[PDB]
Every structure is written in C-alpha cells, then in structure tokens.
Number of protein chains: 2
Amino acid sequence: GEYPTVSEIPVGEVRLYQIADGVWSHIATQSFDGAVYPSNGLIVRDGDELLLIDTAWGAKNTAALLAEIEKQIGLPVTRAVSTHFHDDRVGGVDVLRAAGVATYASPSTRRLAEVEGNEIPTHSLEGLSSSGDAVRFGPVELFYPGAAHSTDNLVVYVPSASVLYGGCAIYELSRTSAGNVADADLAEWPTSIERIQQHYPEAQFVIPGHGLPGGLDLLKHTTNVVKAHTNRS
Amino acid sequence: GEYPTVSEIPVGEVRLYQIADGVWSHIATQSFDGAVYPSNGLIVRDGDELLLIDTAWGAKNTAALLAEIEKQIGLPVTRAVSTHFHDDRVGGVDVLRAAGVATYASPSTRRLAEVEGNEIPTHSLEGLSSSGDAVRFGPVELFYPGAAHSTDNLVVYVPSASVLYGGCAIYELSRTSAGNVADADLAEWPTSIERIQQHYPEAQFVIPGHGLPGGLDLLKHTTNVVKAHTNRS
Ligand SMILES: O=C(O)c1ccccc1C(=O)c1ccc(F)cc1
Ligand SMILES: O=C(O)c1ccccc1C(=O)c1ccc(F)cc1
Ligand SMILES: [Cl-]
Ligand SMILES: [Cl-]
Ligand SMILES: [Cl-]
Ligand SMILES: [Cl-]
Ligand SMILES: [O-]
Ligand SMILES: [O-]
Ligand SMILES: [Zn+2]
Ligand SMILES: [Zn+2]
Ligand SMILES: [Zn+2]
Ligand SMILES: [Zn+2]
Ligand SMILES: [Zn+2]
Ligand SMILES: [Zn+2]
C-alpha cells in the first residue's frame, strides 16, 4: 500500500510494510530533541526464519516490533544485524537478545556502541572493515561503502527482491538539509555513496534510514544534500 | 500526557489548551525536512473579544485555527500579533486578514518578513525598537528583550494570569541542541533572555515557541543550549 508516516504511528507502535515477497520494512517513531521522527529497518525471510535489520529505536519499540512481526508474519526472528552504532539501530538489542535473537554487528559498530554507552550486539561481523567490502549473510549481502553518516555504517542488499537498505547513509527525497552529522564523515560521504551505486546499480527499491522509500535516485539526492551542507556559508 | 504533542495532532489540525482563565495556547504541526514539528501560539481573551498571538504556521493550519477558536470559544478574533518574521509566525496572516482580523507586528518584523518574501502583517507596533522596550497591547504586554532567535523576536506577557509566551526565543526542556539559528544573534541571546527574567520574575507559566510549557526554568535551559552551541558543542 502507501508507506506509513509519523502522524500515523503513535510513539511505541510499529508498522510493517511489505516491499516484496519475503521482504518488509519496519517503521517506528521516536521523540528526539523536540520532534518526532520516523525510522526504518528491514525484515528478510530466511527460509522458515526471519533476519532482522536494525532495532525499532528503543526497548519498548523493539518489543512492539517483535509482537507485530509475530502478528503479521508469525515466523521466528533468529538473527539481527545493526547497521551502525546509534540508538535507532542498536537500542533494543537487549530485548532482542532476551527473546533469543542472535544479535550481530561489525567490530567497528560494537567498538563505537561501547564507547557511546549504547547496547552492544553480541556477535561480530567479520570481513567488512575496508571500504568496498561485501559479505554474505544468509538472504542478504552486507556492504561497507566507507564512512558516511557514521564511520561504521553498513548497507544491506536483498538480491532476490532487488531491495537496497541504505540505512542512515541515505536520505529520503523529502529531506533537503543534513540530519544529525555529529559522527559523519562529510568529506568521504559522497565517495561512499558512489561505491553503493557502483556495487548495486540493479537496485529497484531503496530504503532510507528515515522516511519514504524510492529508487536509486535517493543516492544522488543524498550526495546533493551532503555537499550543500559541506558548503554551508 | 496532558499538553498535546504531534502524535495527538494530525497535520492540518489545531488543538487549543486552556492555560488559565481567558488564556489558551494553540498547537499545530508542520512538516520540516521529513520530520514533524509542533508549534505554539497564544489566545488571550479581552472582554468579549480575543487577541491572537502568532499564526498556526501556514494558510491551511491558520484557517483550522480560526474554525477551532469559533467552535471551542466562540468569541471573535479582532487582532493578531506576530512575534517575529518567520513563516511559523506570519504564515497565515493573509488568511487572518481575509477573515477580518487586524494583523500586527513590529516595523522590524514587517521589514524582515518582506525581505524574506513572507506574508506581511498590516499594522506596525510602535515602541518596541530598543532592547528592554515594553508596550501594552490590550490584555497583554509586548516586550522586546533584544536579539535572540531572531533580531526582531518579541515575547508576550499576560499579567492577569502570570503567563509568559517566549516564542522561539525560548526552548522547551526536551530540546537540548540549537535548532534553526540561521537568523539568530547567538552573542546576544543569553543577555536578551536575562532581560526577560528581569522583567517577568513573577511568571508562573512559560510557553516556548515549540513544545511543552514549563516555568522560568526554560530560560536558563535555553541559555545553556545556546552557549553550548556558541562553543561548538
Ligand atoms: O539518521 C539521522 O540522520 C537521524 C534522523 C532523524 C533523527 C535522528 C537521526 C540520528 O542521526 C540519530 C542519532 C542518534 C540517535 F540515538 C538516534 C538517531
Ligand atoms: O523556532 C525554531 O527554532 C524552530 C523549531 C522547529 C522548526 C522550525 C523552527 C524555525 O526556526 C523556523 C524557521 C523558519 C520557518 F519558516 C519556520 C520555522
Ligand atoms: Cl546467541
Ligand atoms: Cl548463535
Ligand atoms: Cl486592519
Ligand atoms: Cl484596524
Ligand atoms: O541514526
Ligand atoms: O520560527
Ligand atoms: Zn545514526
Ligand atoms: Zn550466538
Ligand atoms: Zn538514523
Ligand atoms: Zn523563527
Ligand atoms: Zn486596521
Ligand atoms: Zn519557531
């Protein structure tokens, strides 16, 4: 159907949106510095199990996420991957672990989460420390495009569905000014986006970390926004 | 909660919240770069008429505001004051004017609105050109504390109810980082806030331009956020 928005999702609730066969986004909302933001993650069917990409931004949301998954899909979440160290990606990992989910992230992400004081995924994703690195993880490919929104941000591609989940390294088209860039590498971000373009030029659905999905034109859009921020005054 | 938040307010709709006898805030929402922000204005009864402080941030919202006022309160809005030149304060002035509301702002605000290509209130408020200047305007006192969020920003005090409307010069507590300060005077903002404290030490209610009301604590909170931003937090 049409993608759910912040005004449709009370804080504490989670919506699912089926993108293709065996692939959903999950959408949640969270209060953040005097505003409410939407936030996307991904769900990918993994045989008779589910692979989860990112938490629902907090413990309460992540418990709600698991309940909504049980209601709409009814298959067990067995593994989760967090795509960088911020709380909209790892906040809720403890809830996932308590539910029996094996939680994963790169050593970079685990390292930074610990420094920040955020929840730490249990298992390490090896083979992703160098820009351009790709590793298979069941029904998806994990890709480290280089530093962008954060130094550790990963993107996730679902080859069966041509779905590219860009996480917070990719902006929705509606967003024409930079988001939180305190941990960003502005100098490298466009270069990292071009790596994504070069590695997944066949992508048909592109899912930003926050907001409305689109196609590959989200990449150049993000670069345009990032470059404009870079040139601020 | 009690005070309404963005989750309780569909975009295009407006809520009224009675603060004290004959004093309400009006709350609306608007999209800003993929996120939704709440926004406050004020309504003050003056006899059998109403004084409006600030639009509801746009033509559609401001129409909804007038309809909600007539539905809930049922007294005519005869005058409106915009507290600075940004769209969330003058956006909807044309709607007000068309509806027979006399619109006001300082000459400074009117000029800046014009340069910005925004809607321009009809009438000019004298006696507010120097920091520390105050004038009575019906049931309120208008106060120019000096440059802060903008060089023209006004604050409004309702002496009958000890209600201080700080507009966007005052941040809500949940806001711990500076917002849009493109037009701000960061150097003078703390000094301007101190003028507010000095003039209205007896204030019991403090309404920020966006978000939850509180007490006079919101002033020093705002000063802390501004000084941190000044020092590149
Ligand atoms: O990804 C973004 O750009 C973004 C967009 C909207 C709101 C917040 C962010 C954000 O960065 C964030 C940082 C830390 C955190 F705990 C949660 C989120
Ligand atoms: O008052 C603020 O700091 C603020 C808070 C939330 C969202 C926007 C703003 C804002 O500055 C704004 C600037 C220009 C404009 F046309 C409308 C609003
Ligand atoms: Cl495990
Ligand atoms: Cl395991
Ligand atoms: Cl008039
Ligand atoms: Cl008149
Ligand atoms: O994020
Ligand atoms: O504003
Ligand atoms: Zn982030
Ligand atoms: Zn394990
Ligand atoms: Zn994010
Ligand atoms: Zn403003
Ligand atoms: Zn007139
Ligand atoms: Zn404002």
# chains A, B, ... in the order shown; residues from 1 in each chain; ligands from 1
call {"tool": "interface_residues", "arguments": {"of": "chain B", "to": "chain A", "cutoff": "10 Å", "atoms": "only C-alpha atoms", "output": "list in words"}}
result
residues 5, 6, 7, 8, 9, 10, 11, 29, 31, 32, 33, 34, 35, 36, 37, 38, 171, 172, 173, 174, 175, 176, 177, 178, 179, 210, 211, 212 and 233 of chain B
call {"tool": "write_last_selection", "arguments": {"atoms": "C-alpha atoms", "output": "CSV table (one decimal), in the first residue's frame"}}
result
chain,number,residue,atom,x,y,z
B,5,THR,CA,2.0,16.5,21.2
B,6,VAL,CA,2.5,15.9,17.5
B,7,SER,CA,1.1,12.4,17.8
B,8,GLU,CA,-2.2,13.7,19.1
B,9,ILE,CA,-2.4,16.3,16.3
B,10,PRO,CA,-2.9,15.4,12.6
B,11,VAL,CA,-1.2,17.8,10.3
B,29,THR,CA,2.0,20.8,13.4
B,31,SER,CA,6.5,19.1,8.3
B,32,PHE,CA,10.1,20.2,8.2
B,33,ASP,CA,12.6,18.1,6.3
B,34,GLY,CA,10.9,14.7,6.7
B,35,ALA,CA,10.1,15.4,10.4
B,36,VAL,CA,7.0,16.9,12.0
B,37,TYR,CA,7.3,19.8,14.5
B,38,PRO,CA,4.7,21.1,16.9
B,171,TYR,CA,13.3,26.5,24.0
B,172,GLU,CA,11.3,23.6,25.6
B,173,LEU,CA,13.3,21.4,28.0
B,174,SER,CA,13.3,18.4,25.8
B,175,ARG,CA,15.3,20.4,23.2
B,176,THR,CA,19.0,20.1,24.2
B,177,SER,CA,20.6,21.3,20.9
B,178,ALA,CA,20.2,24.5,19.0
B,179,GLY,CA,17.6,24.5,16.2
B,210,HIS,CA,7.7,24.8,20.2
B,211,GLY,CA,6.8,22.1,22.6
B,212,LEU,CA,5.9,21.7,26.2
B,233,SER,CA,29.2,21.6,21.3
call {"tool": "calpha_fit_rmsd", "arguments": {"fixed": "chain A", "moving": "chain B"}}
result
0.7 Å
call {"tool": "residues_near_ligand", "arguments": {"ligand": "ligand 12", "cutoff": "9 Å", "atoms": "only C-alpha atoms and all ligand atoms", "output": "ChimeraX atom specification"}}
result
/B:84-89,149-150,153,167-169,180-181,183-184,209
call {"tool": "write_last_selection", "arguments": {"atoms": "N, CA, C and O atoms", "output": "mmCIF file, in the first residue's frame"}}
result
data_model
loop_
_atom_site.group_PDB
_atom_site.id
_atom_site.type_symbol
_atom_site.label_atom_id
_atom_site.label_comp_id
_atom_site.auth_asym_id
_atom_site.auth_seq_id
_atom_site.Cartn_x
_atom_site.Cartn_y
_atom_site.Cartn_z
ATOM 1 N N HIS B 84 7.721 37.166 15.458
ATOM 2 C CA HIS B 84 8.842 37.510 14.577
ATOM 3 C C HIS B 84 8.505 37.109 13.144
ATOM 4 O O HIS B 84 7.381 36.712 12.868
ATOM 5 N N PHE B 85 9.461 37.247 12.231
ATOM 6 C CA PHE B 85 9.144 37.289 10.803
ATOM 7 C C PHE B 85 9.090 35.927 10.098
ATOM 8 O O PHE B 85 8.750 35.860 8.916
ATOM 9 N N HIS B 86 9.412 34.852 10.812
ATOM 10 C CA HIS B 86 9.425 33.511 10.219
ATOM 11 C C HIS B 86 8.022 32.991 9.894
ATOM 12 O O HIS B 86 7.032 33.452 10.458
ATOM 13 N N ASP B 87 7.960 32.001 9.001
ATOM 14 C CA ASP B 87 6.694 31.503 8.466
ATOM 15 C C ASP B 87 5.778 30.899 9.532
ATOM 16 O O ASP B 87 4.557 30.907 9.386
ATOM 17 N N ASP B 88 6.357 30.367 10.601
ATOM 18 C CA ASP B 88 5.536 29.779 11.654
ATOM 19 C C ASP B 88 4.908 30.858 12.538
ATOM 20 O O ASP B 88 4.177 30.549 13.487
ATOM 21 N N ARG B 89 5.177 32.122 12.214
ATOM 22 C CA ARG B 89 4.623 33.243 12.959
ATOM 23 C C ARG B 89 3.768 34.183 12.094
ATOM 24 O O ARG B 89 2.811 34.772 12.595
ATOM 25 N N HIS B 149 16.681 34.453 19.060
ATOM 26 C CA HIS B 149 16.357 33.538 17.974
ATOM 27 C C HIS B 149 16.325 34.281 16.639
ATOM 28 O O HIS B 149 16.709 33.741 15.595
ATOM 29 N N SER B 150 15.851 35.521 16.693
ATOM 30 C CA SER B 150 15.878 36.439 15.559
ATOM 31 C C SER B 150 16.093 37.832 16.119
ATOM 32 O O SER B 150 15.956 38.029 17.324
ATOM 33 N N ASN B 153 12.624 39.301 17.532
ATOM 34 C CA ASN B 153 11.671 38.491 18.290
ATOM 35 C C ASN B 153 11.090 39.208 19.508
ATOM 36 O O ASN B 153 11.798 39.868 20.271
ATOM 37 N N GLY B 167 7.820 32.636 22.760
ATOM 38 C CA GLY B 167 8.027 32.357 21.357
ATOM 39 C C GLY B 167 9.310 31.572 21.155
ATOM 40 O O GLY B 167 9.752 30.853 22.042
ATOM 41 N N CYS B 168 9.925 31.737 19.993
ATOM 42 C CA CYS B 168 11.027 30.871 19.598
ATOM 43 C C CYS B 168 12.360 31.302 20.218
ATOM 44 O O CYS B 168 13.388 30.651 20.017
ATOM 45 N N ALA B 169 12.320 32.377 21.002
ATOM 46 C CA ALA B 169 13.468 32.793 21.796
ATOM 47 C C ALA B 169 13.658 31.867 22.994
ATOM 48 O O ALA B 169 14.725 31.849 23.605
ATOM 49 N N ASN B 180 17.070 25.944 14.360
ATOM 50 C CA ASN B 180 17.408 26.880 13.298
ATOM 51 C C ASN B 180 17.842 28.195 13.905
ATOM 52 O O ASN B 180 17.036 28.923 14.485
ATOM 53 N N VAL B 181 19.131 28.476 13.779
ATOM 54 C CA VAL B 181 19.720 29.688 14.326
ATOM 55 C C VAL B 181 20.328 30.530 13.214
ATOM 56 O O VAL B 181 21.153 31.407 13.467
ATOM 57 N N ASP B 183 19.182 32.899 11.576
ATOM 58 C CA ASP B 183 18.865 34.317 11.719
ATOM 59 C C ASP B 183 19.051 34.799 13.154
ATOM 60 O O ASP B 183 18.637 35.900 13.501
ATOM 61 N N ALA B 184 19.689 33.973 13.980
ATOM 62 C CA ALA B 184 19.839 34.271 15.399
ATOM 63 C C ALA B 184 20.989 35.223 15.670
ATOM 64 O O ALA B 184 21.892 35.376 14.852
ATOM 65 N N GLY B 209 8.111 28.581 21.961
ATOM 66 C CA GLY B 209 7.583 28.626 20.610
ATOM 67 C C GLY B 209 7.199 27.246 20.095
ATOM 68 O O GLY B 209 6.246 27.101 19.326
#
call {"tool": "residues_around", "arguments": {"residues": "residue 230 in chain B", "least_positions_apart": "5", "cutoff": "10 Å", "atoms": "only C-alpha atoms", "output": "VMD selection string"}}
result
chain B and resid 178 186 to 187 224 to 225
call {"tool": "residues_around", "arguments": {"residues": "residue 26 in chain B", "least_positions_apart": "4", "cutoff": "7 Å", "atoms": "only C-alpha atoms", "output": "ChimeraX atom specification"}}
result
/B:14-17,40-42
call {"tool": "atom_distance", "arguments": {"atom1": "CA of residue 156 in chain B", "atom2": "CA of residue 143 in chain B"}}
result
6.2 Å
call {"tool": "atom_distance", "arguments": {"atom1": "CA of residue 78 in chain B", "atom2": "CA of residue 202 in chain B"}}
result
28.5 Å
call {"tool": "residues_near_ligand", "arguments": {"ligand": "ligand 13", "cutoff": "10 Å", "atoms": "only C-alpha atoms and all ligand atoms", "output": "PyMOL selection string"}}
result
chain B and resi 78-79+97+100-104+121-124
call {"tool": "select_by_dssp", "arguments": {"residues": "range 10-220 of chain B", "states": "helix (DSSP H, G or I)", "output": "mmCIF file with C-alpha atoms, in the first residue's frame"}}
result
data_model
loop_
_atom_site.group_PDB
_atom_site.id
_atom_site.type_symbol
_atom_site.label_atom_id
_atom_site.label_comp_id
_atom_site.auth_asym_id
_atom_site.auth_seq_id
_atom_site.Cartn_x
_atom_site.Cartn_y
_atom_site.Cartn_z
ATOM 1 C CA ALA B 59 -2.711 29.137 5.450
ATOM 2 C CA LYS B 60 -4.430 25.782 5.968
ATOM 3 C CA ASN B 61 -3.484 25.491 9.645
ATOM 4 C CA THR B 62 -4.482 29.090 10.346
ATOM 5 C CA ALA B 63 -7.902 28.555 8.774
ATOM 6 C CA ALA B 64 -8.285 25.491 11.002
ATOM 7 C CA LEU B 65 -7.195 27.615 13.951
ATOM 8 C CA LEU B 66 -9.939 30.187 13.365
ATOM 9 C CA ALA B 67 -12.510 27.420 12.952
ATOM 10 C CA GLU B 68 -11.370 25.742 16.166
ATOM 11 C CA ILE B 69 -11.487 29.055 18.047
ATOM 12 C CA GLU B 70 -15.054 29.732 16.887
ATOM 13 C CA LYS B 71 -16.055 26.165 17.730
ATOM 14 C CA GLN B 72 -14.498 25.993 21.210
ATOM 15 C CA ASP B 87 6.694 31.503 8.466
ATOM 16 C CA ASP B 88 5.536 29.779 11.654
ATOM 17 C CA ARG B 89 4.623 33.243 12.959
ATOM 18 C CA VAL B 90 3.363 35.184 9.899
ATOM 19 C CA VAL B 93 -1.529 36.335 8.034
ATOM 20 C CA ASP B 94 -3.347 36.612 4.681
ATOM 21 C CA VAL B 95 -5.970 34.157 5.962
ATOM 22 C CA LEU B 96 -6.364 36.239 9.132
ATOM 23 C CA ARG B 97 -6.651 39.451 7.133
ATOM 24 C CA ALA B 98 -9.218 37.931 4.764
ATOM 25 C CA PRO B 107 8.240 47.512 11.930
ATOM 26 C CA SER B 108 11.364 45.372 12.259
ATOM 27 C CA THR B 109 9.343 42.188 11.809
ATOM 28 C CA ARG B 110 7.362 43.624 8.889
ATOM 29 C CA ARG B 111 10.548 44.619 7.059
ATOM 30 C CA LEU B 112 12.216 41.248 7.616
ATOM 31 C CA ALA B 113 9.093 39.380 6.523
ATOM 32 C CA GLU B 114 9.085 41.443 3.334
ATOM 33 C CA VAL B 115 12.743 40.715 2.560
ATOM 34 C CA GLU B 116 12.040 37.020 3.181
ATOM 35 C CA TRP B 189 20.678 35.698 23.053
ATOM 36 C CA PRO B 190 21.699 34.998 26.690
ATOM 37 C CA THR B 191 21.641 38.720 27.512
ATOM 38 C CA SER B 192 18.199 39.003 25.939
ATOM 39 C CA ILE B 193 16.980 36.040 27.988
ATOM 40 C CA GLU B 194 18.226 37.718 31.153
ATOM 41 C CA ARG B 195 16.175 40.815 30.264
ATOM 42 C CA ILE B 196 13.118 38.551 30.165
ATOM 43 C CA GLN B 197 13.933 37.131 33.619
ATOM 44 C CA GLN B 198 14.472 40.636 34.977
ATOM 45 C CA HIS B 199 11.171 41.929 33.615
ATOM 46 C CA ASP B 217 13.495 27.237 34.222
ATOM 47 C CA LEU B 218 13.056 27.218 30.437
ATOM 48 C CA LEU B 219 15.053 30.463 30.230
ATOM 49 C CA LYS B 220 18.300 29.248 31.802
#
call {"tool": "closest_residue", "arguments": {"among": "A:135, A:170, A:163, A:23", "to": "ligand 11", "atoms": "only C-alpha atoms and all ligand atoms"}}
result
A:170
call {"tool": "residues_around", "arguments": {"residues": "residue 47 in chain A", "least_positions_apart": "2", "cutoff": "10 Å", "atoms": "only C-alpha atoms", "output": "VMD selection string"}}
result
chain A and resid 22 44 to 45 49 to 51 75 138 to 139
call {"tool": "closest_residue", "arguments": {"among": "A:25, A:162, A:222, A:204", "to": "ligand 1", "atoms": "only C-alpha atoms and all ligand atoms"}}
result
A:222
call {"tool": "closest_residue", "arguments": {"among": "A:132, A:21, A:166, A:117", "to": "residue 213 in chain A", "atoms": "only C-alpha atoms"}}
result
A:166
